[PDB]
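Asker: The following block contains the structure, expressed as structure tokens.
4 protein chains.
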Amino acid sequence: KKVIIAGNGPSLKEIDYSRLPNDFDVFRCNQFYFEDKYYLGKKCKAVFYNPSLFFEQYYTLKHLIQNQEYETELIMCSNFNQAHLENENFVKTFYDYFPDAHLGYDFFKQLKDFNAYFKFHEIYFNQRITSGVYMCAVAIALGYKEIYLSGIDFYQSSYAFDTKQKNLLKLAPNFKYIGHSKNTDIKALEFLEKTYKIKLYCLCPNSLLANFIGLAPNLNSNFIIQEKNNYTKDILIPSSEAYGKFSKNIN
Amino acid sequence: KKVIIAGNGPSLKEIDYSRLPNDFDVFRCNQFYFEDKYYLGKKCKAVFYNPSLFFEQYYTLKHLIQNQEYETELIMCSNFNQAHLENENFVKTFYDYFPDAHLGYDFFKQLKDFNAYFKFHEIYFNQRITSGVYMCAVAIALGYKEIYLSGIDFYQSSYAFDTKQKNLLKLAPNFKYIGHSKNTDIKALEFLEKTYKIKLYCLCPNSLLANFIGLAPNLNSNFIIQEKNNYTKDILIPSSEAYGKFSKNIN
Amino acid sequence: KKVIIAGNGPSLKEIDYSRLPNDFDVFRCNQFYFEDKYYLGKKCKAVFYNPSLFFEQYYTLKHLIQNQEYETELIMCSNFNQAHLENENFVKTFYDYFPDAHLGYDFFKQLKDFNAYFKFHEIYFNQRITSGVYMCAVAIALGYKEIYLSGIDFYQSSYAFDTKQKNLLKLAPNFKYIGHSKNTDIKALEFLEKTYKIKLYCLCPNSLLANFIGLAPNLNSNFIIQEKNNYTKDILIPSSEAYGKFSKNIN
Amino acid sequence: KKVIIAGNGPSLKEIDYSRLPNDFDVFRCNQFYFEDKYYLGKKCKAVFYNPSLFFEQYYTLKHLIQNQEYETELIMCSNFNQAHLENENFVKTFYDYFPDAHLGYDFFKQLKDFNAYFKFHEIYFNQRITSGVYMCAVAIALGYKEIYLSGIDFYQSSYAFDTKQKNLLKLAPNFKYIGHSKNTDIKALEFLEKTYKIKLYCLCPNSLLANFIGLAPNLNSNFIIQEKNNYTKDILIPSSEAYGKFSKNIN
Ligand SMILES: Nc1cc[n+]([C@@H]2O[C@H](COP(=O)(O)O)[C@@H](O)[C@H]2O)c(=O)[nH]1
Ligand SMILES: Nc1cc[n+]([C@@H]2O[C@H](COP(=O)(O)O)[C@@H](O)[C@H]2O)c(=O)[nH]1
Ligand SMILES: Nc1cc[n+]([C@@H]2O[C@H](COP(=O)(O)O)[C@@H](O)[C@H]2O)c(=O)[nH]1
Ligand SMILES: Nc1cc[n+]([C@@H]2O[C@H](COP(=O)(O)O)[C@@H](O)[C@H]2O)c(=O)[nH]1
Numbered sequence: 002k003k004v005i006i007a008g009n010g011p012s013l014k015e016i017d018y019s020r021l022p023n024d025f026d027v028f029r030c031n032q033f034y035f036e037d038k039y040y041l042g043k044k045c046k047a048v049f050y051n052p053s054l055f056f057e058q059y060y061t062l063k064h065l066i067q068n069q070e071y072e073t074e075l076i077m078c079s080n081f082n083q084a085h086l087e088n089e090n091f092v093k094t095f096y097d098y099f100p101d102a103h104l105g106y107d108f109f110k111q112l113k114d115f116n117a118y119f120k121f122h123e124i125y126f127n128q129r130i131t132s133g134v135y136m137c138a139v140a141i142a143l144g145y146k147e148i149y150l151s152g153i154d155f156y157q160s161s162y163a164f165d166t167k168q169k170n171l172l173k174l175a176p177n178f179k185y186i187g188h189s190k191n192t193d194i195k196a197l198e199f200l201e202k203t204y205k206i207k208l209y210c211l212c213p214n215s216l217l218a219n220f221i222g223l224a225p226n227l228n229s230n231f232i233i234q235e236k237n238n239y240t241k242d243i244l245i246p247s248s249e250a251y252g253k254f255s256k257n258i259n
Numbered sequence: 002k003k004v005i006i007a008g009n010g011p012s013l014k015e016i017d018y019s020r021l022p023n024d025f026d027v028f029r030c031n032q033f034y035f036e037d038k039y040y041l042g043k044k045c046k047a048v049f050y051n052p053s054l055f056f057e058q059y060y061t062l063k064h065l066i067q068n069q070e071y072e073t074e075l076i077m078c079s080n081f082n083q084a085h086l087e088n089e090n091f092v093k094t095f096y097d098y099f100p101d102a103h104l105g106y107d108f109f110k111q112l113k114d115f116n117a118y119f120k121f122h123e124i125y126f127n128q129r130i131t132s133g134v135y136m137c138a139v140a141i142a143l144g145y146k147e148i149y150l151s152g153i154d155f156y157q160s161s162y163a164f165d166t167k168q169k170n171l172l173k174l175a176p177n178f179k185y186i187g188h189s190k191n192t193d194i195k196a197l198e199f200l201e202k203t204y205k206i207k208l209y210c211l212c213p214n215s216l217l218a219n220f221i222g223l224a225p226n227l228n229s230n231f232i233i234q235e236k237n238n239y240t241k242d243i244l245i246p247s248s249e250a251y252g253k254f255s256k257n258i259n
Numbered sequence: 002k003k004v005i006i007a008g009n010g011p012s013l014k015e016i017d018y019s020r021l022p023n024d025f026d027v028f029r030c031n032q033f034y035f036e037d038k039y040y041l042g043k044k045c046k047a048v049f050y051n052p053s054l055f056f057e058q059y060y061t062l063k064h065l066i067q068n069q070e071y072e073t074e075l076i077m078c079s080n081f082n083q084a085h086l087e088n089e090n091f092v093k094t095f096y097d098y099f100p101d102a103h104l105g106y107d108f109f110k111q112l113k114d115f116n117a118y119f120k121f122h123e124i125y126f127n128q129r130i131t132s133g134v135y136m137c138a139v140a141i142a143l144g145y146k147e148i149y150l151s152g153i154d155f156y157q160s161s162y163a164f165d166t167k168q169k170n171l172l173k174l175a176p177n178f179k185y186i187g188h189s190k191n192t193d194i195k196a197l198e199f200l201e202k203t204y205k206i207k208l209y210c211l212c213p214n215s216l217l218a219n220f221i222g223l224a225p226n227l228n229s230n231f232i233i234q235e236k237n238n239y240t241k242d243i244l245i246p247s248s249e250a251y252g253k254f255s256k257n258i259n
Numbered sequence: 002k003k004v005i006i007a008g009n010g011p012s013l014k015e016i017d018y019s020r021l022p023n024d025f026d027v028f029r030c031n032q033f034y035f036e037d038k039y040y041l042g043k044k045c046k047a048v049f050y051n052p053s054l055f056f057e058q059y060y061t062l063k064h065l066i067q068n069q070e071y072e073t074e075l076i077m078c079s080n081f082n083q084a085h086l087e088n089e090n091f092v093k094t095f096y097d098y099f100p101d102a103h104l105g106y107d108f109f110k111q112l113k114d115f116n117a118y119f120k121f122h123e124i125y126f127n128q129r130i131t132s133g134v135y136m137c138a139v140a141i142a143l144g145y146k147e148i149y150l151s152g153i154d155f156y157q160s161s162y163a164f165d166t167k168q169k170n171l172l173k174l175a176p177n178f179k185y186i187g188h189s190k191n192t193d194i195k196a197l198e199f200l201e202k203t204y205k206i207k208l209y210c211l212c213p214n215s216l217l218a219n220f221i222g223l224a225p226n227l228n229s230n231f232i233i234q235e236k237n238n239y240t241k242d243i244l245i246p247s248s249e250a251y252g253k254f255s256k257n258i259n
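Line order of the protein sequences matches chains A, B, C and D.
Under the deposited numbering, residues 2 to 157, 160 to 179, 185 to 259 are what the first sequence spells out, in order.
Under the deposited numbering, residues 2 to 157, 160 to 179, 185 to 259 are what the second sequence spells out, in order.
Under the deposited numbering, residues 2 to 157, 160 to 179, 185 to 259 are what the third sequence spells out, in order.
Under the deposited numbering, residues 2 to 157, 160 to 179, 185 to 259 are what the fourth sequence spells out, in order.
Laid out in structure tokens, this is it:
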């Protein structure tokens, strides 16, 4: 199967749907559910969440599923086995707190040349790839050979939606990373492509991405963009009892 | 083989024995030995004990066996790999302190969808399944396909026996959990049944259980209920030397 | 092959050598090298040492070998994975400090019923088997089916030699355990024999052992008892530099 | 294939190149890159670095490669799993900080008799083999059967180059071990040779090494010694941000 990997930038709303491949899985990440339409459908092969809000994002996802807004087969935490990027006890006990989820590093680390590439740049030059590229890496590790990209805009406004929602702002007041650049993401993608002999495509002709990655081919494809109503557009916050039970794992 | 899983509620004494299956193993738990008759015989396939009194329950079980009151092939601790529910060093060193026993989580965790179901409810909603359901899970993990239930009454008086015995009261003065409900147990059982394609039966027509789980079929079976005399009806307490050697493991 | 397992009691000097089996390996332990003659030859299949003096005993053994007093194929520490009986970092780093040696528990624990038997008696009743029985257990785990016993006297004077030597007394001033008894050793041996279908023999008709274990059969065997001269009859003490490097591992 | 293992002593500059074998890999270590000519070419099968400057040496190596001064297939840290010789968290997290590298002990420890030999001498007699011998051990573990030695001079002036360079002096001011001797290296090499049935050769007829190890045979071989210009002849120092991220791993 093919894969569409979506970041949450403005180009998520500017997909050229006639370039949509035949037979695909969808990878979403982070606040993807804040989208106001189902730009890539309700069905995800995998959804990825950062370690720092994983506890709350997992709780929110269970509501999304139960409420029939999305489904996903896989749930991933985008970790790296780096003490400066994630809580150590969180990673150690992960599978026992979230038994239907996965640590993304289980897959990321299978791409040894890329793990080395990522680590050398992060540790020594403070150049960090974004979640969108992380997802590409995990996809290549899972055996996907053709990867279709959208919503990756290099922070050139910020998101395809308003992320300033009250719960998210309470959890992470900063929503109102400096190691990210377009160059670091572009160079990382080019490395994955050549190193692992896979094909990258761009679904958004008007993204800055299209300056670097060739467009997916026109296939006359159609796609219905289902609207969303009374939907979940903020992260949910667990009870204090929940927090008390998870407190060894957050900091 | 089939399995009879027994909680210790009043319905343990109200089994309809003509509904007893042909060829069965018996699972018992906790203060089962306080029973005044051998409601399900002397022979257990497995006995389960909570982490919090496992040290004393293991010592007591060895007396039960030696004194020929019961036998059991397997000895299980009902743990979950959750820091808020069990002592970490207890679980880490378990097999070296109790080499003929098992951590139940070795089996529980093999039912990944159920481990996820249990964890999500416990951590986020403080809804906890009881030992009776835990035992069903372990049985399904061990390959049992037909499960016959008794002694599960949802705390609607408390036990099929008087648990206010002097040693148990000293160990756990509270015998004179608020996350338990009938709904949480019923919903967990229904989940196991549908998810793992197994069959649940109820041996006690007069239990509240029979409102939800269909009765085991009449088979004209007979069963002798052997009386108990001068039997062990309280937990035994180990010496202070024993405690001193186990003290890293209790709290 | 058969095995002769030797404790260091006075009966080590009272072996009936015409009862010596044809084709045997020898297991020695602890201060065996204090013997004044080669009562069982120079060649050991295995030598066992307690965790508490293992650092010094290992150093001493290397001198014994280099000086051509003994040889041994295997070197074992008699541990149990019990925090009250051995240092935890010693066991954790063992194979990296002593790469040609073995932790005896790697073998002991393969006899699950016996590990359980040992643990229940030690932890709950403070009844501990001696090194002589430990060695029998390790031998059964290694596949030996016929075990010939000597030097096991149940502390009924103390050793086949004078152990009051200056270095050993400095290391362990106490040489001038209360959980040991003849009953605990006899009951443990009887358990191994019946449980693992092996055969125990006694080489010393005049030991208290012969009250309980049948004598090995007369085979007309001969054996030369080589005398010892200018031999190593005290434990050696490592330099302070050595100690400083091992100090995380002793206490 | 054959292997040339090079220490960094003065004899590195006094190789008899007509004795160079046909088909070889090269092992280099530590400050090898300070060499003023490519005495053994630009291409390394493996380069080895001590744990204590590994962070900075790894960063430097990436510059060497990128700048096309050397290449190497393998990157090794020469560790021993000894708390007195390396940082414990460094070794524990190694593969996640340096995913394209190897801990040399993964290979060293496969030579069990030699690991035992090394450990007994280091721990008890403070006799330590040098990196040059460590590399021979790792080569034998990797299946190399014929080993050609150079640059091993036993500190009889110090290096084939001036190591007093400003960054290295800042990192390790001491460059302006007392457990090393020629005897300890010679005895360790003789042990490897006899124990593992491999062949040692010496490429430097004028080294003290040639007193002990027979010369590699004349094969009329030719070799071009490529000069070096504007090359990297000091270790590079990472930013404070880099250090802050690695600080749990250095001390
Ligand atoms: N303005 C944007 C916002 C997000 N993205 C991508 O979408 C991913 C999800 O957004 P976030 O900020 O949650 O990481 C992000 O990691 C980038 O890969 C982007 O490329 N440009
Ligand atoms: N009144 C009762 C008492 C016990 N039970 C069940 O029997 C199990 C053993 O009793 P206990 O309180 O030890 O957990 C308990 O976990 C329940 O599953 C019950 O269902 N109703
Ligand atoms: N008087 C004695 C002395 C030693 N032993 C045995 O020899 C073993 C070695 O002696 P020791 O005290 O070092 O454990 C000891 O563990 C016993 O098994 C004995 O049986 N009777
Ligand atoms: N004067 C010298 C310098 C280095 N060496 C060898 O080269 C190796 C690399 O040098 P160094 O000091 O970095 O360890 C060293 O471990 C020795 O094996 C040597 O043999 N004689």
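Using N, Cα and C, we set each Cβ at its ideal position, and we do this for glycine too.
Suppose you measure from the CA of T203 of chain A to the CA of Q128 of chain A; what does that come to, to the nearest Å?
Answerer: Within the first sequence, residue 203 of chain A is the residue found at index 195, counting from 1. Within the first sequence, residue 128 of chain A is the residue found at index 127, counting from 1. Between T203 of chain A and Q128 of chain A, the C-alpha separation is close to 20 Å.
Asker: So for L21 of chain C, helix, strand or coil by DSSP?
Answerer: As a first step, residue 21 of chain C is located in the third sequence; it is residue number 20 there, counting from the start. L21 of chain C falls in the coil class under three-state DSSP.
Asker: To the nearest angstrom, how far is it from the Cα of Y162 of chain D to the Cα of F33 of chain C?
Answerer: Position 159 of the fourth sequence, counted from the first residue, corresponds to residue 162 of chain D. Position 32 of the third sequence, counted from the first residue, corresponds to residue 33 of chain C. In a straight line, the C-alpha of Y162 of chain D is about 50 Å away from that of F33 of chain C.
Asker: Please tell me whether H64 of chain A has its Cβ less than 8 Å away from any Cβ of chain D.
Answerer: Working through the first sequence from its first residue, we reach residue 64 of chain A at position 63. No, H64 of chain A does not count as interfacial toward chain D.
Asker: Based on DSSP bridge pairs, tell me the residues matched to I5 of chain D.
Answerer: On the fourth sequence, residue 5 of chain D is found 4 positions in, with the first residue counted as 1. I5 of chain D pairs with D:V27 and D:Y149.
Asker: Output the boundary residues of the beta strand (DSSP E) element that contains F49 of chain C.
Answerer: The residue labelled residue 49 of chain C in the question sits at position 48 within the third sequence. Residues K44 to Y50.
Asker: Give me the subset of the region 242-256 of chain C whose CB atoms are less than 7 Å from a CB atom of chain D, sorted by chain position.
Answerer: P246, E249, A250, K253, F254 and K256
Asker: For the candidate residues C:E57, C:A224 and C:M77, whose alpha-carbon lies nearest to that of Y251 of chain C?
Answerer: For the purposes of this step, residue 251 of chain C is identified with residue 243 of the third sequence, where counting begins at 1. The residue with the shortest Cα to Cα distance from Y251 of chain C is C:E57.
Asker: Could you check the C-alpha separation between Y106 of chain A and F126 of chain B for me, to the nearest Å?
Answerer: The residue labelled residue 106 of chain A in the question sits at position 105 within the first sequence. The residue labelled residue 126 of chain B in the question sits at position 125 within the second sequence. Approximately 29 Å, taken between the alpha carbons.
Asker: Residues bridged to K179 of chain D by DSSP?
Answerer: For this step, residue 179 of chain D is matched to residue 176 along the fourth sequence. In the DSSP output, where bridge partners are listed per residue, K179 of chain D has none listed.
Asker: Kindly indicate which three-state DSSP category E201 of chain B falls into: helix, strand or coil?
Answerer: The residue you call residue 201 of chain B lines up with position 193 of the second sequence. Helix, per DSSP.
Asker: Under a criterion of Cβ closer than 6 Å to any non-hydrogen atom of ligand 3, which residues qualify, in chain order?
Answerer: Every residue passing the under-6 Å Cβ criterion appears here: C:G8, C:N9, C:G10, C:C30, C:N31, C:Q32, C:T131, C:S132, C:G133, C:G152, C:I153, C:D154, C:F155, C:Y156, C:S161 and C:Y162.
Asker: Could you check if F178 of chain D is buried or exposed, using at least 16 other CB atoms within 10 Å of its CB as the buried criterion?
Answerer: If you number the fourth sequence from 1, residue 178 of chain D lands on position 175. Within a 10 Å sphere around the beta-carbon of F178 of chain D sit fewer than 16 other beta-carbons, which makes this residue exposed.
Asker: Whether or not the region 186-196 of chain B and the region 46-61 of chain B are in contact is what I'm after, with contact meaning three or more pairs of Cβ atoms, one per stretch, closer than 8 Å; do they touch?
Answerer: no
Asker: I want to know whether the region 218-232 of chain B touches the region 16-25 of chain B - three or more CB-CB distances under 8 Å.
Answerer: yes
Asker: If you follow the alpha helix (DSSP H) that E89 of chain C is in, where does it begin and where does it stop?
Answerer: Counting from one through the third sequence, the residue named residue 89 of chain C turns up at place 88. That run of the alpha helix (DSSP H) goes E89 to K93.
Asker: Going by CA-CA distance only, name the one from C:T94, C:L208 and C:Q168 that's closest to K120 of chain D.
Answerer: For this step, residue 120 of chain D is matched to residue 119 along the fourth sequence. Looking at the Cα atoms, C:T94 is the closest of the given residues.
Asker: Relative to chain B, which residues along the region 61-94 of chain C have a C-beta separation below 8 Å, given in chain order?
Answerer: Listed by position along the chain: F81, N82, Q83, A84 and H85.
Asker: Could you check which residue in D:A138, D:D97 and D:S79 has the C-alpha nearest to that of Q111 of chain D?
Answerer: Residue mapping note: residue 111 of chain D aligns to position 110 of the fourth sequence, counting from 1. Looking at the Cα atoms, D:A138 is the closest of the given residues.
Asker: Just how far apart, CA to CA, sit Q67 of chain B and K195 of chain C?
Answerer: The residue given as residue 67 of chain B occupies position 66 in the second sequence. The residue given as residue 195 of chain C occupies position 187 in the third sequence. Cα atoms of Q67 of chain B and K195 of chain C: separation of roughly 15 Å, rounded to the nearest angstrom.
Asker: Reducing DSSP to helix, strand and coil, say where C212 of chain B ends up.
Answerer: For the purposes of this step, residue 212 of chain B is identified with residue 204 of the second sequence, where counting begins at 1. Three-state DSSP puts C212 of chain B in coil, outside helix and strand.
Asker: For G144 of chain B, count neighbouring Cβ atoms within 10 angstroms of its own Cβ and tell me buried if that reaches 16, exposed if not.
Answerer: As a first step, residue 144 of chain B is located in the second sequence; it is residue number 143 there, counting from the start. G144 of chain B is exposed by the Cβ-count criterion.
Asker: For a test of the three-state rule: what should DSSP assign to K241 of chain D, helix, strand or coil?
Answerer: In the fourth sequence, residue 241 of chain D corresponds to position 233, counting from 1. Of the three classes helix, strand and coil, the one that applies to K241 of chain D here is coil, per DSSP.
Asker: Distance cutoff 8 Å, beta carbons only. Does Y98 of chain D sit that close to anything in chain A?
Answerer: What you label residue 98 of chain D is simply residue 97 of the fourth sequence in a count that begins at 1. By this cut-off, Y98 of chain D is an interface position.
Asker: For the alpha helix (DSSP H) that contains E249 of chain A, what are its first and last residues?
Answerer: Counting from 1 along the first sequence, the entry for residue 249 of chain A is found at position 241. Looking at the DSSP string, the run of the alpha helix (DSSP H) that includes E249 of chain A is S248 to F254.
Asker: Going by CA-CA distance only, name the one from C:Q69, C:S132 and C:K167 that's closest to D154 of chain C.
Answerer: Along the third sequence, read from residue 1 onward, the residue named residue 154 of chain C stands at position 153. Of C:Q69, C:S132 and C:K167, the residue nearest in Cα terms is C:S132.
Asker: Which of the three DSSP states is assigned to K38 of chain D in this structure?
Answerer: Translated into positions along the fourth sequence, residue 38 of chain D becomes position 37. Of the three classes helix, strand and coil, the one that applies to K38 of chain D here is strand, per DSSP.
Asker: Is the beta carbon of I258 of chain C less than 8 Å from the beta carbon of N170 of chain C?
Answerer: In the third sequence, residue 258 of chain C corresponds to position 250, counting from 1. In the third sequence, residue 170 of chain C corresponds to position 167, counting from 1. Contact flag unset, no.
Asker: Within the continuous alpha helix (DSSP H) that includes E123 of chain B, where are the two ends?
Answerer: What you label residue 123 of chain B is simply residue 122 of the second sequence in a count that begins at 1. Element bounds for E123 of chain B: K113 to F126.
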